[PDB]
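Residue numbers (PDB author numbering): 6 to 1147. Take a look at the structure set out below.
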Amino acid sequence: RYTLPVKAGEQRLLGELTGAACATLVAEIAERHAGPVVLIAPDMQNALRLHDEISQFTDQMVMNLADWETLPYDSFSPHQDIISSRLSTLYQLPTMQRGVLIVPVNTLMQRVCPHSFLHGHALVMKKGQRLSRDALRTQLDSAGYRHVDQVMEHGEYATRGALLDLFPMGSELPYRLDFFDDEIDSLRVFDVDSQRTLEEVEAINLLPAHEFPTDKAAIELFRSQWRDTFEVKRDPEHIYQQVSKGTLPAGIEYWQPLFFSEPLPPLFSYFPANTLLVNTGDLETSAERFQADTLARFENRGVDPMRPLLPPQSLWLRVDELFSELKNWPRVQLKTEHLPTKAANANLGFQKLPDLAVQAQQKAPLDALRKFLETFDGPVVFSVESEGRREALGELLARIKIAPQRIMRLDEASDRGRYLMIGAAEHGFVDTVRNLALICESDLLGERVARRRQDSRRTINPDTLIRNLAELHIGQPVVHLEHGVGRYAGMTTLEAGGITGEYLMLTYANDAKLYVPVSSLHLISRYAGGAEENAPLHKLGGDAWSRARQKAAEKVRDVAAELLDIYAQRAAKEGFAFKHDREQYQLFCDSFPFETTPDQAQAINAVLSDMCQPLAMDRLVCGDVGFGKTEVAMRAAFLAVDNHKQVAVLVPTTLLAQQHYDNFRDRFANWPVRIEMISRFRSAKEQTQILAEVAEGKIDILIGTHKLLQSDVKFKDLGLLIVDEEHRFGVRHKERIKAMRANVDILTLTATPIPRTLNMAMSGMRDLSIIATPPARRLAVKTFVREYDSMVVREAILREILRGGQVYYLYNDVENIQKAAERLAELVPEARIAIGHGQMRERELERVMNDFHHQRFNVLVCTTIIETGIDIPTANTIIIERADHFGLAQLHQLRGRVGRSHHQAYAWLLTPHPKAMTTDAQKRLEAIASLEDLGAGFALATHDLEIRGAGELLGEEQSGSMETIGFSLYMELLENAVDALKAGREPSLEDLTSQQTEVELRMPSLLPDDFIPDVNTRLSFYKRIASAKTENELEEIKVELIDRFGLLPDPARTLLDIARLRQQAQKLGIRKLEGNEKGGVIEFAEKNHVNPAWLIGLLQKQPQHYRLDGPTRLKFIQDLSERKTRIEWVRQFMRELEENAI
């Protein structure tokens, strides 16, 4: 139907086009191209957007050449994995026979190391190949593989017996080798997060750990070309200096030309004959733009003596000489615009389909679709993102009387047939040649846009990482109850009487080294006070830990009426169970005029399911700001009013109280639900009427400030309390509201908690929930740690006003707020300015927020009363003139005053002179500046904990260390209080030390350090030993150890059996055992199963071996010379016990 180019440089130009129709043409002309193809895109955000689409029409390999996704002259390291992937592309480019690679021109300019270099370096091992382990390991050093004890990414390797574990930088998956007798035995692959075997392969091509050589010759010739080109200093942070030390700079990846006498070959150098080049746009122009941009970086970053910059010629090709090599291959050019009728112009017959969106407000969203359909005369195929999309299609396809047949093959389509494909395509079209219509979701439901949070490989890790990184950092503070807190200082073995056991190093003041047995691992916890800057190294024998323990125990006395009444009703009373409605709740789901984010929908599920359980519910909704936190609350309130439990919500501010009242009255504009406020905006008689209605319970949702704490609100039936922004309340108030209603289902909301409350949040006495995945277009607000600067105020106010939004101006001084507004009004003549502070008439302030809410004035000279959670999405610039005396969480909440929409938010924080600034806001500003990313609400929270500290676990003063023992200690003091309230055990029955069973057989039993190098895995497995309660746990522990690790050590198998012995004794009474070379002593239990008659039979038949040791102990005299003999005697001994057990 058209012609391929054949000549080197031969063109086919295309016109009258649309978007992804181009990709269809690409797929077609690729199928009439026996060789491979390279598509070239204007941008990489296009390209993956492109990628799957051509995959949506591919039977060949759609391959993306992704890029480094960094700055031109960046200062960091790109994620290696896609690099490794690109390496595979580098590995698999001059070998290809069909399929396609895409590149952008900025990705086209990276001229890469030769495939000959790769091919010599990349190698292959085979299944039955004669190879020594350290020989291949030396080849891995040649590969520059990175020795990691617990390997996670490419070019990383771990030593474990005959097994050498490595994750290569070719494959998706890591490998196990297990050599034998100068021989490759195995080649066995697994998921590392599984850490367990998946499958065998008989071969590996291992690509070496970088694209770049870093060997001794590489380093030397680097130094050669470097001292040809750049200057060198004695400074150790010089790039030359670390590469001379053979280590890896962060921003080295631009300095890679230093390895080559030749200039770097382009990817075109890799190109075989059969390749194709496909253009879309004057990509020369984008290339020239990128040249200018990167050249701008070549001056801007080309001033640093500490990072010296190579020529941009020396990294990337120029546009004209580029096009000179572009002469060498035929190239098809693509233009949406129609072409003239010159030769080699195609203009193939495709139209953008006219818009057929859903018009739901009238009767017919679908009549445009209809009159489209009967004027059309061919197949209409529907791109469907998922099969879970498609029933939604059916949801509408029943409404047009017509439904398609699902297909996967485009050219099955025939006359007037309706068909569809699972595909995420952009837009519908009209095909003239085959007369084919196609329909997508973006044509129908408006912009079905997907907001890209991160790339495929790396992202912020809010779930796994903090769970993964929650113990055993070296030097981290870490607590032992006998002595206080110290810093972790490693793990070692020590010989202490023939038992070279494993003990942990803890450092105290005056370098006091404490070595701790692995059995006593449970006397060690993470320091719960944060205090990472400075934490108390209790000097050994200093008794301050003992004094604080006694003081806390005095506070932890079970006569404490602050919470022991709650624990008494916990031991005497119960709660309410909400019932769910499967039908009416869907109506209020459809009353929700947006789409729930995935991270908020699961929060709704966790809230509502915990409502539907009988205990007194208690959940925290600590999410990012403006993420629809109000929506979770209104869903919970809708379930509660479906049971009519008189919902009591509580915010610490009349302003956002009124704002949420407007939200409630607007959203709940259909149901017979009474939503009322008691606050200061209701008078002494209006609020009196409203509290009377509360006392009669006819109000279903009550909205109030700290007015609710005045002992005067009495619900006739209170079931649901919704706390919002608990960080300003005070635990006195949070228990004042709590002590009224016992079986209330408490709900707690914030954006950031108190570090004390944050600690009890992560330790899980109550529930936790983090919200991410922003709703539409929420953004990284630009933090401006700037000085107090009038011109900065000028540029900020003008740029916000030309943007169209409003300006915040925080002052926090009522005595000078009138003067500040008076000077600033003439200081910015183009501003509209009023005054806001909480020391004037509340209806006047109501007028002020009436004006600022309804956009009546732009700049607001205000105190920190704007930190009351006021929504106002139009505001996108905040100026804090004095950033001195404000906490960091408050700074983040003020950063949450701007944004909340698609328009960009600025955050100007004017400061005084940095010496006259503060002692603490220097830290606060470097925290608020370094933290601007998706998911930073809990990162700043984990800063807030350990900059201000967790307060007293029950009493006041939630900021400060407040003798922080740990919330884990609250468990033990609470359970001792439970013993106290058991009415038969006293507080003097304080079970502080409960080993609760102990056995000893006197062997060194350890995880060996040469066997287990990682102390983290070793301690974790020790915790597995401790947490082992059944033999099948032991079975799985041993098989995962043999799986991931191979050898089965003597002391390891011994201690496994010892844990089995403790399992037996717990199953079979036994309070205590002692064993030695000649025997030992057994200490029985009361509620036991020890056979007395069989036991005295044992006595009277071997009096030589046994004597009584008290009525509940027993000395046994046994020739326990061989360690195996000991093992057998105890094993069969408790077997004998288990046979005749009583």
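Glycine residues also receive a C-beta, built at the ideal position from the N, C-alpha and C atoms.
Using only alpha-carbon positions, find the residue among the options that is nearest to residue i.
i	options	result
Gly20	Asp196, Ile45, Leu353	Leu353
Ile871	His124, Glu1036, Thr659, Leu192	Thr659
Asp139	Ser993, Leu613, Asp170	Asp170
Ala501	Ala167, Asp516, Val521	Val521
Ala455	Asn515, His478, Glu390, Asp722	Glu390
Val129	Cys118, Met114, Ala148	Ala148
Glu579	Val790, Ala222, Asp750, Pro780	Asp750
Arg587	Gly628, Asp647, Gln102, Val626	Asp647
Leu661	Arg306, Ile877, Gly904, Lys650	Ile877
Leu519	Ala297, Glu957, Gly534, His543	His543
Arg1049	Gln200, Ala674, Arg135	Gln200
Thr94	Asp79, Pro919, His120	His120
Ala430	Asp233, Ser60, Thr143	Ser60
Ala351	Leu361, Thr998, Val337	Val337
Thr346	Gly841, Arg17, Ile840	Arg17
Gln144	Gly133, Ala127, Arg453	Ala127
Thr873	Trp1099, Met854, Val1020, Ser249	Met854
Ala536	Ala641, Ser964, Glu379, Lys1092	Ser964
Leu470	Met311, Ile1101, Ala944, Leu1100	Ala944
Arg1118	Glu1127, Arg1076, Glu1144	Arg1076
I want to check one thing, is the minimum distance from the CB of residue i to the heavy atoms of the ligand SAH below 7 Å?
i	result
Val11	In terms of ligand content, the structure shown is empty, and the ligand SAH therefore cannot be addressed.
Hey, residue i and residue j: beta-carbon distance below 8 Å or not?
i	j	result
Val105	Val42	yes
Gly702	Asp722	yes
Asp729	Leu763	no
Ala214	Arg151	yes
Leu92	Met157	no
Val866	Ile838	yes
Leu707	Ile683	yes
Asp183	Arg135	no
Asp623	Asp772	yes
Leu1006	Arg1131	yes
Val386	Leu449	no
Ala836	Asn863	yes
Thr778	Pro598	no
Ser388	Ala255	no
Within the same chain, show all residues whose beta-carbon is closer than 6 Å to that of residue i, passing over the 5 residues directly before and after it, in chain order.
i	result
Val833	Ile802
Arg103	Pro41, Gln65
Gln651	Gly702, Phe720, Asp722, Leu723
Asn515	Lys544
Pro370	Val363, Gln364
Assuming residue i contacts residue j (C-beta within less than 8 Å), just tell me the rounded distance between them.
i	j	result
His485	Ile529	6 Å
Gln481	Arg472	No, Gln481 and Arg472 are not in contact; Cβ-Cβ is about 16 Å, not under 8 Å.
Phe235	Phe264	With 8 Å as the limit, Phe235 and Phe264 do not qualify as a contact, their Cβ atoms being about 14 Å apart.
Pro271	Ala13	Not quite, the Cβ-Cβ distance comes to about 16 Å (not below 8 Å), so this is no contact.
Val812	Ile884	7 Å
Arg808	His907	Wrong, their Cβ atoms sit about 11 Å apart, outside the cutoff.
Going by beta carbon distance, what residues of the same chain come within less than 8 Å of residue i, once the five residues before and after it are set aside?
i	result
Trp1134	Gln1123, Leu1125
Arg791	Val797, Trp913, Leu914, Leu915, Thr916
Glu962	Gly956
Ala926	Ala888, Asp889, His890, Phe891, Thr916
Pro179	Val156, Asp170, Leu171, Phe172, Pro173, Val194, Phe195, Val197
Can you give me the Cβ contacts of residue i inside the same chain, cut-off strictly under 7 Å, excluding the 5 residues immediately before and after it?
i	result
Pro1054	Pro1013, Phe1016
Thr219	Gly149, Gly251
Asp154	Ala163, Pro1018, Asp1019
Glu392	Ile427
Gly1102	none
### Query
Taking only runs of the alpha helix (DSSP H) that begin and end inside the stretch 594-666, which ones reach a length of at least 4 residues, in chain order?
603-616, 634-648
### Task
List in chain order: all unbroken alpha helix (DSSP H) runs of 4+ residues lying wholly within the stretch 136-175.
138-147
#### Entry: 3 or more residues per run - each beta strand (DSSP E) lying fully within the stretch 691-717
706-709
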